[PDB]
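Q: One structure, as structure tokens, below. Some questions next.
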There are 2 protein chains.
Amino acid sequence: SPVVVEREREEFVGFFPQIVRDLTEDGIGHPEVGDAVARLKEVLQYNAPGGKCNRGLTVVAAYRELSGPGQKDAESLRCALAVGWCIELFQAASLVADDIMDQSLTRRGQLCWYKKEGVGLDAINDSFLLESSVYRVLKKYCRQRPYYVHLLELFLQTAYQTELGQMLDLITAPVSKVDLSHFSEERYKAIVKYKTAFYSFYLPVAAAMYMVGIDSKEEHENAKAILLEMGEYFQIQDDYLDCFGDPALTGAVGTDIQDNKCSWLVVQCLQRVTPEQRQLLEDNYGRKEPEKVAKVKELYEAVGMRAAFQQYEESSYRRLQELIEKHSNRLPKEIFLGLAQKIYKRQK
Amino acid sequence: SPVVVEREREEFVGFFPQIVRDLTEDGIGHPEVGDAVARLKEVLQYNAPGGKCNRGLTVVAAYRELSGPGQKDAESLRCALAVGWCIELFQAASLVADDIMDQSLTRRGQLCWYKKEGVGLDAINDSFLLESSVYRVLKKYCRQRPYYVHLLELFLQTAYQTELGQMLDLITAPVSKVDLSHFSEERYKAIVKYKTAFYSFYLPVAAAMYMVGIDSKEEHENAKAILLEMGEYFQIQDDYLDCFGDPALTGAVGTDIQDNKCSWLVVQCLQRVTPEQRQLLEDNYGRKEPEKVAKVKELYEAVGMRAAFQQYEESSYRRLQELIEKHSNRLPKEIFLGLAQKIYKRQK
Ligand SMILES: CC(C)=CCC/C(C)=C/COP(=O)(O)OP(=O)(O)O
Ligand SMILES: CC(C)=CCC/C(C)=C/COP(=O)(O)OP(=O)(O)O
Ligand SMILES: [Mg+2]
Ligand SMILES: [Mg+2]
Ligand SMILES: [Mg+2]
Ligand SMILES: [Mg+2]
């Protein structure tokens with residue numbers, strides 16, 4: 001509803017300072033590290049606040065839909081909110097770093113933290129501290145809950161899987177080296193599973209699972225199986241929207257075809273090309289020179305990407321309903337649809 | 001003894017592959033991430049093995065001296081060994097990164113991992129994975145031990161304190177900017193407490209404490225109080241040995257006075273200088289030009305550093321025996337001396 005979700009929404013954002021407080025209030029005056037804590041306060045302020053905030057809100061939704069009435073107390077609520085910002089902090093730590101390893105300039109419409117003059121390679125240690133902050137907030141609000149160790153293990157494992165996923169990206173598409181050989185479907189796919197799927201979709205539901213007491217390996221697997229599907233599709237959509245989309249598109253209607261980027265668009269292009277294009281492409285992708293980019297898009301209309309999308313997005317939604325059956329046995333399908341309803345959207 | 005310690009010693013090093021195995025054996029062939037795991041294997045191999053290995057061996061000693069005969073089983077032993085390499089992995093993650101943020105070239109006589117051609121800023125994500133590896137090995141050998149959550153919390157907290165400590169360094173002495181203002185005793189001191197003291201001294205004993213069952217906040221504080229003393233002194237010694245030491249000195253008898261470095265030597269120099277030197281210094285430190293460095297050392301003989309050391313090292317040892325009393329109430333002073341015996345050494 002255009003009422004609850006935003007209500008859910010304003011509560012979350014209304015929580016941020018509190019978290020900031022948790023993190024630096026005592027540190028700030030500490031005669032020894034006080035200088036370190038202050039800076040964290042700024043590190044925190046610049047980078048954390050800033051997305052649409054979905055991933056975090058997803059904990060809060062699920063929890064609000066999984067818990068029984070015993071569990072809807074306020075503290076229980078606050079914890080949901082806190083574990084949410086925990087995912088938001090984790091992601092920030094990552095983004096901070098993708099940017100340095102990508103020599104990027106802009107993020108979430110502000111100049112990258114590393115580029116702020118005086119920062120530099122030091123953002124390496126600020127990302128760590130951001131990463132530290134997540135387990136600091138967990139100790140803070142859940143250290144005495146039966147699910148504490150599961151949560152710790154869950155944040156930590158997913159960190160490892162996204163990194164692996166980052167590795168694959170790193171090794172596959174260097175941003176100072178074109179090479180289209182490895183831009184392969186399998187690769188692309190495994191890149192997405194690892195680098196964003198787990199942290200963006202599974203992690204938030206899994207956390208509300210452990211919070212309500214569902215700690216069965218086969219149920220995490222049932223959830224895992226369907227959220228990963230979602231998350232794959234989602235990244236694809238994001239990929240389809242960076243080129244072929246525009247009308248009221250999520251703020252910045254920019255691009256990175258220019259950036260030798262492993263995108264679903266490219267990958268589909270590859271497999272569906274004549275050595276003529278396979279070279280026409282092979283040469284102009286990574287190209288920050290307008291003529292080039294423009295050409296790149298031509299090739300795609302030339303090959304008719306957008307329709308293949310519409311056949312994809314379509315296959316996708318079908319396959320979701322199915323796995324909502326085979327796998328939403330003990331859990332509330334209402335969880336997967338509400339999240340699904342805010343996902344498959346499309347633009348032609 | 002020149003028998004046990006090395007026996008303790010060869011067991012530890014003999015363990016490394018095993019750990020490597022734990023880390024990559026299944027990952028290596030994984031059809032999805034196999035490429036990511038392999039590289040980790042190399043990341044691991046290049047950076048982990050390489051110091052004298054003290055910090056890790058310290059767990060093993062303490063444990064071997066804290067446990068009762070019930071606990072000397074092999075698995076219990078192996079765990080000690082595993083939590084040891086866990087500290088060694090943690091440190092590697094750090095070193096990997098100090099180097100990038102320091103634009104260094106050499107480490108432990110091998111060229112820095114970041115400088116290996118093809119690596120680059122990507123070592124940012126390899127340090128993360130190294131950092132991930134620590135909690136992976138903990139899950140592996142201790143997930144079902146009553147001390148599991150304490151250990152997790154202990155590794156994680158100390159990570160946060162060393163980072164803070166790194167922050168203070170970062171902000172204090174930039175390696176492309178001299179400024180001697182903040183090279184202050186308090187600062188220097190707080191830098192050391194945080195960036196190396198906890199991880200190098202407290203962490204290893206504390207871990208064998210939690211392993212034997214000593215989880216009292218006041219005993220961790222009793223240990224903490226005396227190990228920090230040690231660790232401060234130790235860093236100082238390291239600092240005294242980079243200039244004024246040589247005879248059979250720990251391999252590389254190099255230097256970094258040349259690197260605008262917050263060292264105890266400099267700090268003592270500051271406080272004990274006439275604006276003449278306070279400028280003679282103010283100008284040639286950070287200097288990679290031989291005449292300069294040489295001058296820098298002059299100034300120190302000029303002010304007579306080495307003796308102030310000998311008065312320091314001396315104050316230090318006294319104050320240790322004392323805190324071994326006030327604070328080694330319930331614990332075995334034998335722990336603190338054997339570690340102490342391998343610490344205060346000196347060279348004039
Ligand atoms: C362990 C680490 C750092 C993981 C980073 C994960 C992540 C979300 C990468 C996305 O960035 P990207 O390379 O696709 O670029 P982007 O949105 O900036 O275009
Ligand atoms: C969170 C992080 C990265 C912490 C790093 C901690 C650490 C041991 C720094 C020492 O390096 P140094 O700056 O004194 O240089 P060195 O031995 O290389 O001379
Ligand atoms: Mg990027
Ligand atoms: Mg990237
Ligand atoms: Mg350094
Ligand atoms: Mg440094």
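Following the order of the structure tokens, first chain is A, next is B, and so on, with residues numbered from 1 inside each chain and ligands from 1 in the order they appear.
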So which residues touch residue B:145 within 12 Å, counting only C-alpha atoms, skipping near sequence neighbours fewer than 2 positions away, as a PyMOL selection string?
A: chain B and resi 75-76+79+138-143+147-152+210-213
Q: Would you put the residues from that selection into a file with N, CA and C atoms, as a PDB file, in the first residue's frame?
A:
ATOM      1  N   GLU B  75      42.505 -32.980  19.634  1.00  0.00           N
ATOM      2  CA  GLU B  75      41.663 -32.049  18.943  1.00  0.00           C
ATOM      3  C   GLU B  75      41.789 -30.744  19.648  1.00  0.00           C
ATOM      4  N   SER B  76      41.793 -30.802  20.965  1.00  0.00           N
ATOM      5  CA  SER B  76      41.917 -29.560  21.692  1.00  0.00           C
ATOM      6  C   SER B  76      43.212 -28.894  21.267  1.00  0.00           C
ATOM      7  N   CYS B  79      42.915 -27.255  17.830  1.00  0.00           N
ATOM      8  CA  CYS B  79      42.141 -25.989  17.862  1.00  0.00           C
ATOM      9  C   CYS B  79      42.954 -24.803  18.251  1.00  0.00           C
ATOM     10  N   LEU B 138      37.275 -20.402  12.137  1.00  0.00           N
ATOM     11  CA  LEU B 138      36.735 -20.520  13.490  1.00  0.00           C
ATOM     12  C   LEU B 138      35.502 -21.398  13.443  1.00  0.00           C
ATOM     13  N   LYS B 139      34.595 -21.115  12.508  1.00  0.00           N
ATOM     14  CA  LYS B 139      33.413 -21.920  12.327  1.00  0.00           C
ATOM     15  C   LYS B 139      33.947 -23.354  12.211  1.00  0.00           C
ATOM     16  N   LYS B 140      34.920 -23.558  11.331  1.00  0.00           N
ATOM     17  CA  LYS B 140      35.459 -24.913  11.158  1.00  0.00           C
ATOM     18  C   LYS B 140      35.905 -25.676  12.395  1.00  0.00           C
ATOM     19  N   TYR B 141      36.686 -25.070  13.263  1.00  0.00           N
ATOM     20  CA  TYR B 141      37.163 -25.870  14.382  1.00  0.00           C
ATOM     21  C   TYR B 141      36.585 -25.618  15.737  1.00  0.00           C
ATOM     22  N   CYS B 142      35.622 -24.734  15.861  1.00  0.00           N
ATOM     23  CA  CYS B 142      35.149 -24.433  17.188  1.00  0.00           C
ATOM     24  C   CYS B 142      33.663 -24.154  17.306  1.00  0.00           C
ATOM     25  N   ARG B 143      32.945 -24.198  16.178  1.00  0.00           N
ATOM     26  CA  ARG B 143      31.487 -23.964  16.107  1.00  0.00           C
ATOM     27  C   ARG B 143      30.687 -24.715  17.188  1.00  0.00           C
ATOM     28  N   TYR B 147      32.996 -21.925  23.941  1.00  0.00           N
ATOM     29  CA  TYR B 147      33.586 -20.639  23.776  1.00  0.00           C
ATOM     30  C   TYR B 147      33.407 -19.952  22.390  1.00  0.00           C
ATOM     31  N   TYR B 148      32.889 -20.652  21.375  1.00  0.00           N
ATOM     32  CA  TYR B 148      32.583 -20.100  20.050  1.00  0.00           C
ATOM     33  C   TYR B 148      32.112 -18.659  20.019  1.00  0.00           C
ATOM     34  N   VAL B 149      31.009 -18.333  20.679  1.00  0.00           N
ATOM     35  CA  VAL B 149      30.664 -16.925  20.581  1.00  0.00           C
ATOM     36  C   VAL B 149      31.672 -15.964  21.213  1.00  0.00           C
ATOM     37  N   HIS B 150      32.401 -16.376  22.236  1.00  0.00           N
ATOM     38  CA  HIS B 150      33.324 -15.409  22.820  1.00  0.00           C
ATOM     39  C   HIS B 150      34.405 -15.097  21.850  1.00  0.00           C
ATOM     40  N   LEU B 151      35.011 -16.143  21.282  1.00  0.00           N
ATOM     41  CA  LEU B 151      36.037 -16.059  20.252  1.00  0.00           C
ATOM     42  C   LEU B 151      35.583 -15.136  19.079  1.00  0.00           C
ATOM     43  N   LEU B 152      34.405 -15.365  18.499  1.00  0.00           N
ATOM     44  CA  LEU B 152      33.868 -14.542  17.406  1.00  0.00           C
ATOM     45  C   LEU B 152      33.925 -13.049  17.844  1.00  0.00           C
ATOM     46  N   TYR B 210      39.515 -17.679  27.085  1.00  0.00           N
ATOM     47  CA  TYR B 210      38.185 -18.177  26.751  1.00  0.00           C
ATOM     48  C   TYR B 210      38.224 -19.696  26.448  1.00  0.00           C
ATOM     49  N   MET B 211      39.331 -20.207  25.903  1.00  0.00           N
ATOM     50  CA  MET B 211      39.304 -21.621  25.597  1.00  0.00           C
ATOM     51  C   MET B 211      39.353 -22.475  26.849  1.00  0.00           C
ATOM     52  N   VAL B 212      40.070 -22.036  27.877  1.00  0.00           N
ATOM     53  CA  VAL B 212      40.076 -22.815  29.097  1.00  0.00           C
ATOM     54  C   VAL B 212      38.891 -22.532  29.978  1.00  0.00           C
ATOM     55  N   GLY B 213      38.069 -21.573  29.586  1.00  0.00           N
ATOM     56  CA  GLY B 213      36.896 -21.295  30.402  1.00  0.00           C
ATOM     57  C   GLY B 213      36.975 -20.055  31.278  1.00  0.00           C
TER      58      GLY B 213
END
Q: Step one, run DSSP on the backbone; step two, keep only residues of stretch 142-335 of chain B assigned to alpha helix (DSSP H); then write them as a PyMOL selection string.
A: chain B and resi 142+148-172+185-192+203-212+217-243+264-271+277-284+290-303+305-327+333-335
Q: Set the distance at 10 Å and use only C-alpha atoms: which residues neighbour residue A:337 once local chain neighbours fewer than 6 positions away are removed? I'd like the list as a ChimeraX atom specification.
A: /A:320-321,324,343
Q: I need the chosen residues saved as a PDB file, in the first residue's frame, with C-alpha atoms.
A:
ATOM      1  CA  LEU A 320       8.704 -17.645  -9.883  1.00  0.00           C
ATOM      2  CA  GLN A 321       5.152 -18.768  -9.212  1.00  0.00           C
ATOM      3  CA  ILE A 324       6.677 -20.273  -4.739  1.00  0.00           C
ATOM      4  CA  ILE A 343      10.288  -6.158  -8.487  1.00  0.00           C
TER       5      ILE A 343
END
Q: Please determine the contact residues of chain B with respect to chain A at a cut-off of 6 Å, counting only C-alpha atoms, and supply them as number ranges by chain.
A: B: 32, 36, 101, 121, 132, 160, 164, 167-168, 190
Q: Tell me, in Å to one decimal, how far atom CA of residue B:327 is from atom CA of residue B:222.
A: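 Taking atom CA of residue B:327 and atom CA of residue B:222, their separation equals 4.8 Å.
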Q: Excluding residue A:66 and any residue of its chain fewer than 5 positions from it, enumerate the residues within 9 Å of it, using only C-alpha atoms, and give them as JSON, numbers by chain.
A: {"A": [61, 208, 209, 212, 331, 332, 335]}
Q: Just the selected residues (C-alpha atoms), exported as a PDB file, in the first residue's frame, please.
A:
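That gives us again.pdb:
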ATOM      1  CA  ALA A  61       8.587  -6.361   6.324  1.00  0.00           C
ATOM      2  CA  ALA A 208      13.782 -12.448   9.839  1.00  0.00           C
ATOM      3  CA  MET A 209      13.651 -16.223   9.618  1.00  0.00           C
ATOM      4  CA  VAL A 212      11.197 -15.734  14.328  1.00  0.00           C
ATOM      5  CA  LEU A 331       6.455 -20.187   4.679  1.00  0.00           C
ATOM      6  CA  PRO A 332       4.080 -17.435   3.801  1.00  0.00           C
ATOM      7  CA  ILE A 335       6.408 -12.825   1.685  1.00  0.00           C
TER       8      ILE A 335
END
Q: Could you find all residues in stretch 77-194 of chain A that DSSP calls strand (DSSP E) from the backbone, and write them as a VMD selection string?
A: chain A and resid 106 to 107 110 to 111
Q: Mind writing the picked residues with N, CA, C and O atoms as a compact mmCIF listing (two decimals), in the first residue's frame?
A:
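Result written to part.txt:
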# COMPACT_ATOMS: atom_id res chain seq x y z
N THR A 106 31.48 9.12 -9.21
CA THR A 106 30.19 9.38 -8.63
C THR A 106 29.45 8.20 -8.05
O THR A 106 29.41 7.10 -8.61
N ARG A 107 28.76 8.49 -6.97
CA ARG A 107 27.94 7.47 -6.40
C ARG A 107 26.78 8.17 -5.78
O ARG A 107 26.98 9.23 -5.11
N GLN A 110 26.63 11.83 -5.47
CA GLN A 110 27.47 12.64 -4.64
C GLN A 110 28.82 12.11 -5.17
O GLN A 110 28.88 11.07 -5.81
N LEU A 111 29.87 12.85 -4.95
CA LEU A 111 31.21 12.48 -5.39
C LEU A 111 31.65 11.34 -4.42
O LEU A 111 31.35 11.37 -3.22
Q: Here is a test: counting only C-alpha atoms and all ligand atoms, which residue of B:265, B:96, B:3, B:20 is nearest to ligand 6?
A: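 Among the listed residues, B:96 lies closest to ligand 6.
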